[PDB]
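> Residue numbers (our numbering), protein chains in the order written: chain U, 2 to 386; chain B, 2 to 386. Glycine residues also receive a C-beta, built at the ideal position from the N, C-alpha and C atoms. Supplied in structure tokens, the structure appears directly below.
There are 2 protein chains.
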Amino acid sequence: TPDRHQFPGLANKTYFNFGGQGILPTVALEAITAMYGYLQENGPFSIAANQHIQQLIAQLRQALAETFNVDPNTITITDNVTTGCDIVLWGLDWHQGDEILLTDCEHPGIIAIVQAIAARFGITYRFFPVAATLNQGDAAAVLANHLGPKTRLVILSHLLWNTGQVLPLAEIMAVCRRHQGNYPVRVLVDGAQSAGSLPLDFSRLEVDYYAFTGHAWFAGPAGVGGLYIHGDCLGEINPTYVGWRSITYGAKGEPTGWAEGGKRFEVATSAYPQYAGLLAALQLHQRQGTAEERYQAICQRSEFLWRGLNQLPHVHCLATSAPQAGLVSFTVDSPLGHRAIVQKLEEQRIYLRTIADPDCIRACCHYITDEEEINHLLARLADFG
Amino acid sequence: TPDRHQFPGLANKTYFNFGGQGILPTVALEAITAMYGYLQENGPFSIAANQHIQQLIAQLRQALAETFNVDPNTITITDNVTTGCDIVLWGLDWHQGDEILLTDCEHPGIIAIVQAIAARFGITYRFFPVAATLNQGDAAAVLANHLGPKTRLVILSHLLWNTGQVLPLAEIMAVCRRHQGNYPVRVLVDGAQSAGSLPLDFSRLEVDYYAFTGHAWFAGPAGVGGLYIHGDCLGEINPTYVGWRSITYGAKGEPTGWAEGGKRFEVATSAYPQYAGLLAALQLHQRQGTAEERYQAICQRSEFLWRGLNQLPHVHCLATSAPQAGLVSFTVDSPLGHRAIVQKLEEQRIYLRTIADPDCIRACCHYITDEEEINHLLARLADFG
Ligand SMILES: Cc1ncc(COP(=O)(O)O)c(CNCC(=O)O)c1O
Ligand SMILES: Cc1ncc(COP(=O)(O)O)c(CNCC(=O)O)c1O
Ligand SMILES: [K+]
Ligand SMILES: [K+]
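Below you can see the structure in the form of structure tokens.
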């Protein structure tokens, strides 16, 4: 039984875009507003304010650490999912000829970093087909058939943003560690959709690097995200974008080394009030139930929506089995085109999004989504054909 | 005649830390709060919201451009001063043996980037003495005596954060362009203190790269800054940290090239509401008078404080002539030590800061600062000896 009242934005609209950005809870806006007030009353720049900011940062780092069941030292605070990927990709000691493998469902922004890396260090990159494994096949086996002697890193999204498939991460990791080549194969995971929807425990689930954001499923404000790096991989990642937050200081205030753990990849002044907003959102989700309970609630909503769409004659879900998470992608048989359809729905205050590849429409159901909203969506979709 | 009422934080304290972070004006907090409301009512992720966000970004880019009298295409929006420096430094095509020259008054965070760059590309770096040129000498001449055949870039703070000196940027640029070596010498300027206090016109003042932030003298919120790159230098800067905001898109949503002008160095999701806050703070300053008028007002206040300190027997200003800007640094003859003195002042709600090198105390006077605040500071300082 979710407390929908904590998310005022739900009230006069039918929202299904949590994957793009979550509806901000009241407690998050209160924390943001309270931080501006604290800074105005006590600083904004002063011993008291600077200490309050450092304490707030430690508190967020700790809440994130607890969310994934890991030590705070493995957590880096960023502004979004992408930055975490930039940190890992630019930090690796690349040699000409090294190879990177990405799935064919990765984000355009991520592909751009890889192209930038290829141009700078002379590495190469290839894609491997996973989109087609939504209803059959094995993504891990596809990867195994693409691994080569020069493969050094694999990049994949845990929950695919376009089709809604949850990749078999554990099996994929095993395939990578089993491989014998010039390098021990490592895996960088884009968790833009998975973090905050799927139950994640990095002490049970072995991962190398995991990038995420707080503004989508975690329902925090735009501008705050994070990155997990396993303690055994920290040494392989050289800091790149650095600043006063990245170092330790000497007698005369001179740089003497890298800050502890993930702090070495943090740069400088950030939007502190927003950090308090994310912290408040994180604590709110825990009061609603465990990650597991919230996950099952999300799946109950997506399946209900999925079933409803299966009944509509001119709508075709991409998944032939129940969604493994909160994402439900589908096409609509109509002369209008998916972008015009999404715009018409928004005109009715029903919010979904268009996907470029494959060309389809995507809806996100969260644990706070209810049956009336789903039925209202189904009702309006019934109009096209 | 400044409208102090627009800056509510001034009221029950005596603030002199504008160089660390400016007091946020009411119109800025209103704009931030209003943006959260707009996102909640119209999205937060949707056609309407996404368009509103893009329009806000263009509006801020344009206001910044007008502030420095340049074309919007030369402006990149970042989170702070440091990021701008990381973009320029990591973007240059460094070759082993290349040399970087920095003043001995640069920020620790900036030095850390340079050290990271030296380790990665095998370049070298050396400092040149400018601190000692506050009351005598010529910083441009010092630089001329250090320039070598392999010198490729010079890094300097336009307004020194530790001593308050305004470097002779025009003369320094001439010296650099006059030099004949293996590379045409370029200059990266750290404008953490100068932007928003000194009148800056990059159409009259020729500069290569100029990094700045909006949270200090411009009085915007923590988290939003920017970077200027001359059109003739854009090509030499390769994008490094990139994301979906850095590229142009193709038919199937794939990367087809770099976004226009400075957009190529912008990454991904940011704290949009804060952008509206900086935009509002920028427009507020323009309503108070021109940059020149505000600069003279700042100097009238700093000289008044400087004169006041010269009268105190146990206080010694670092500058033997009137401050060239709003920064007034000084030492205090006392067994207590400068950090204990700053803490005691804060106990009395008087806000200044300690400087590590040279070991001194620094006060910042803005155009909104008044005589009562300065006299109150002088009164409490009189207590030490
Ligand atoms: C799989 C995946 N990876 C990266 C992003 C970009 O996130 P940002 O926080 O802006 O760095 C996304 C964004 N998805 C929004 C959506 O799917 O609607 C993503 O899905
Ligand atoms: C000269 C100089 N350079 C960089 C910074 C860092 O700015 P950030 O926006 O956090 O990247 C500063 C900060 N100064 C604060 C102060 O002077 O009190 C600086 O001075
Ligand atoms: K159907
Ligand atoms: K004196």
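#1: Grab me the residues of residue 418 of chain U's own chain with a C-beta within less than 8 Å of its C-beta, minus the 5 sequence neighbours each way, in chain order.
#2: My understanding is that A269 of chain U touches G244 of chain U, with C-beta atoms under 8 Å, so please give their C-beta distance in whole angstroms.
#3: Does the beta-carbon distance from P150 of chain U to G123 of chain U come in below 8 Å?
#4: By Cβ distance below 7 Å, which residues in the same chain neighbour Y273 of chain U in space, the five residues on each side in sequence not counted?
#5: Would you kindly work out how many angstroms separate the C-alpha atoms of residue 1 of chain U and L25 of chain U, rounded to a whole number?
#6: List the residues that DSSP assigns as beta-bridge partners of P256 of chain B.
#7: Taking buried to mean at least 16 other C-beta atoms within 10 Å of its own C-beta, is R5 of chain U buried or exposed?
#8: At least one CB of chain B closer than 8 Å to the CB of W218 of chain U: is that the case?
#9: So residue 1 of chain U contacts chain B; which residues on that side make the cut at Cβ distance below 9 Å?
#10: If you follow the alpha helix (DSSP H) that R381 of chain U is part of, which residue opens it and which one closes it?
#11: Within its chain, find whatever has a CB closer than 8 Å to the CB of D360 of chain U; leave out the 5 residues flanking it on each side and keep chain order.
#12: For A326 of chain U, count neighbouring C-beta atoms within 10 Å of its own C-beta (all shown protein chains included) and say buried if the count is 16 or more, exposed if not.
#13: First and last residue of the alpha helix (DSSP H) that includes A217 of chain U?
#14: Which two residues bound the contiguous beta strand (DSSP E) that contains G227 of chain B?
#15: So, does the CB of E255 of chain U fall closer than 8 Å to a CB anywhere in chain B?
#16: Between U:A383, U:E293, U:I173, U:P169, which has its C-alpha nearest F69 of chain U's C-alpha?
#17: For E100 of chain B, report the span of its beta strand (DSSP E) as first-last.
#18: Where the beta carbon is closer than 5 Å to any heavy atom of ligand 2, which residues qualify, in chain order?
#19: For the alpha helix (DSSP H) containing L353 of chain U, name the first residue and the last one.
#20: So which residues put a beta carbon under 7 Å from any heavy atom of ligand 3, going in chain order?
#21: Do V115 of chain U and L90 of chain U have their C-beta atoms within less than 8 Å of each other?
#22: Which residues, in order along the segment 96 to 123 of chain U, keep a beta-carbon less than 9 Å from a beta-carbon of chain B?
#23: For the alpha helix (DSSP H) containing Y37 of chain U, name the first residue and the last one.
#24: Measuring straight from C-alpha to C-alpha, what distance separates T34 of chain B and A282 of chain B?
#25: Using a beta-carbon distance cut-off of less than 9 Å, what residues from the segment 65 to 94 of chain U approach chain B?
#26: Looking at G221 of chain B: is its Cβ nearer than 8 Å to the Cβ of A29 of chain B?
#27: Excluding the 5 residues flanking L346 of chain U on each side, which residues of the same chain have their C-beta closer than 7 Å to its C-beta?
#28: Along the chain, where does the beta strand (DSSP E) that runs through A117 of chain U open and close?
#29: Looking at the structure shown, is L313 of chain U part of a helix, part of a strand, or coil, going by DSSP?
#30: Along chain U, which residues have their Cβ under 7 Å away from the Cβ of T214 of chain B?
#31: According to a CB-to-CB cut-off of less than 8 Å, which residues of the segment 230 to 261 of chain U neighbour chain B?
#32: At the 8 Å Cβ level, is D358 of chain U part of the contact set with chain B, yes or no?
#33: Any idea if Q52 of chain B is buried or exposed, counting beta-carbon neighbours within 10 angstroms, 16 or more meaning buried?
#34: Mind listing, in chain order, the continuous beta strand (DSSP E) runs of no fewer than 3 residues lying wholly within the segment 131 to 168 of chain B?
#35: Going along chain U in order, which residues have a C-beta closer than 8 Å to the C-beta of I24 of chain B?
#36: Closer than 7 Å: is that where the CB of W91 of chain U sits relative to any heavy atom of ligand 1?
According to the structure shown:
#1: For chain U, the structure presents residues 2 to 386; residue 418 of chain U sits outside this window and is missing.
#2: Working through the first sequence from its first residue, we reach residue 269 of chain U at position 268. Working through the first sequence from its first residue, we reach residue 244 of chain U at position 243. Correct: roughly 4 Å between the Cβ atoms.
#3: Residue numbering aside, residue 150 of chain U sits at position 149 when the first sequence is read from its first letter. Residue numbering aside, residue 123 of chain U sits at position 122 when the first sequence is read from its first letter. In this structure, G123 of chain U does not lie closer than 8 Å to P150 of chain U by Cβ.
#4: The sequence position of residue 273 of chain U within the first sequence is 272, counting from 1. Excluding positions up to five away in sequence, the list reads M36, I54, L57.
#5: Outside the shown range of chain U (2 to 386) lies residue 1 of chain U, about which nothing can therefore be said.
#6: Residue numbering aside, residue 256 of chain B sits at position 255 when the second sequence is read from its first letter. Per DSSP, B:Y250.
#7: Position 4 of the first sequence holds residue 5 of chain U. Exposed is the call here.
#8: In the first sequence, residue 218 of chain U corresponds to position 217, counting from 1. At least 8 Å separates the CB of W218 of chain U from every CB of chain B.
#9: The first residue shown for chain U is 2 and the last is 386, placing residue 1 of chain U beyond what the model contains.
#10: To locate residue 381 of chain U, count along the first sequence from 1; it is residue 380. Its alpha helix (DSSP H) spans residues 372 to 382.
#11: Counting from 1 along the first sequence, the entry for residue 360 of chain U is found at position 359. Excluding positions up to five away in sequence, the list reads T332, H339.
#12: Within the first sequence, residue 326 of chain U is the residue found at index 325, counting from 1. In this structure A326 of chain U is buried. Its beta-carbon is surrounded by 16 or more other beta-carbon atoms within 10 angstroms.
#13: Within the first sequence, residue 217 of chain U is the residue found at index 216, counting from 1. Counting along the chain, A217 of chain U sits inside no alpha helix (DSSP H), nor does DSSP assign it H or E at all.
#14: Position 226 of the second sequence, counted from the start, is the residue given in the question as residue 227 of chain B. DSSP places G227 of chain B in the uninterrupted beta strand (DSSP E) bounded by 226 to 230.
#15: Locating residue 255 of chain U in the first sequence gives position 254, where the first residue counts as 1. Between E255 of chain U and chain B, the shortest Cβ-Cβ separation is below 8 Å.
#16: Against the first sequence, residue 69 of chain U aligns to sequence position 68. Checked all of U:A383, U:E293, U:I173, U:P169; the closest Cα to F69 of chain U is U:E293.
#17: Taking the first residue of the second sequence as 1, we reach residue 100 of chain B at position 99. Its beta strand (DSSP E) spans residues 100 to 104.
#18: This selection yields U:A269, U:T270, B:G20, B:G21, B:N81, B:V82, B:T83, B:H108, B:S158, B:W162, B:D191, B:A193, B:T214.
#19: For the purposes of this step, residue 353 of chain U is identified with residue 352 of the first sequence, where counting begins at 1. Unbroken run through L353 of chain U: none, as it is neither H nor E.
#20: Those residues are U:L310, U:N311, U:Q312, U:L313, U:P314, U:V316, U:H317, U:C318, given in chain order.
#21: Taking the first sequence and counting its residues from 1, one reaches residue 115 of chain U at position 114. Taking the first sequence and counting its residues from 1, one reaches residue 90 of chain U at position 89. Yes. Within cutoff.
#22: Residues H108, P109, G110, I111, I112, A113, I114, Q116, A117, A120, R121.
#23: One-based indexing of the first sequence puts residue 37 of chain U at position 36. In this chain, the alpha helix (DSSP H) harbouring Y37 of chain U covers 27 to 43.
#24: Locating residue 34 of chain B in the second sequence gives position 33, where the first residue counts as 1. Locating residue 282 of chain B in the second sequence gives position 281, where the first residue counts as 1. Rounded to whole angstroms, the gap between the alpha carbons of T34 of chain B and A282 of chain B is 14 Å.
#25: Taking 9 Å as the Cβ-Cβ cut-off against chain B, the residues of the segment 65 to 94 of chain U that qualify are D80, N81, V82, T83, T84, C86, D87, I88, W91.
#26: Numbered from its first residue, the second sequence carries residue 221 of chain B at position 220. Numbered from its first residue, the second sequence carries residue 29 of chain B at position 28. At the C-beta level, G221 of chain B and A29 of chain B come within 8 Å of one another.
#27: Residue 346 of chain U sits at position 345 when you count from the first residue of the first sequence. Excluding sequence neighbours, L346 of chain U sits near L353, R381.
#28: The residue given as residue 117 of chain U occupies position 116 in the first sequence. Residue range 109 to 122 is occupied by the alpha helix (DSSP H) that includes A117 of chain U, with no beta strand (DSSP E) assigned at that position.
#29: Working through the first sequence from its first residue, we reach residue 313 of chain U at position 312. For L313 of chain U, the three-state secondary structure derived from DSSP is coil.
#30: Numbered from 1 along the second sequence, position 213 holds the residue referred to as residue 214 of chain B. The contacting residues are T270.
#31: Going along the segment 230 to 261 of chain U in chain order, one finds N239, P240, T241, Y242, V243, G244, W245, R246, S247, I248, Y250, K253, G254, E255, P256 with a Cβ nearer than 8 Å to chain B.
#32: Reading the first sequence from its first residue, position 357 is the one you call residue 358 of chain U. Closer than 8 Å to some Cβ of chain B, the Cβ of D358 of chain U qualifies, so yes.
#33: Mapped onto the second sequence, residue 52 of chain B falls at position 51. It is exposed - the Cβ of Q52 of chain B has fewer than 16 other Cβ atoms within 10 Å.
#34: List check, beta strand (DSSP E) in window: 152 to 158.
#35: The residue labelled residue 24 of chain B in the question sits at position 23 within the second sequence. Contact annotation for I24 of chain B against chain U: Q41, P45 [CB-CB distance below 8 Å, chain order].
#36: Taking the first sequence and counting its residues from 1, the one referred to as residue 91 of chain U is at position 90. Because no heavy atom of ligand 1 lies under 7 Å away, the Cβ of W91 of chain U does not count as near it: no.
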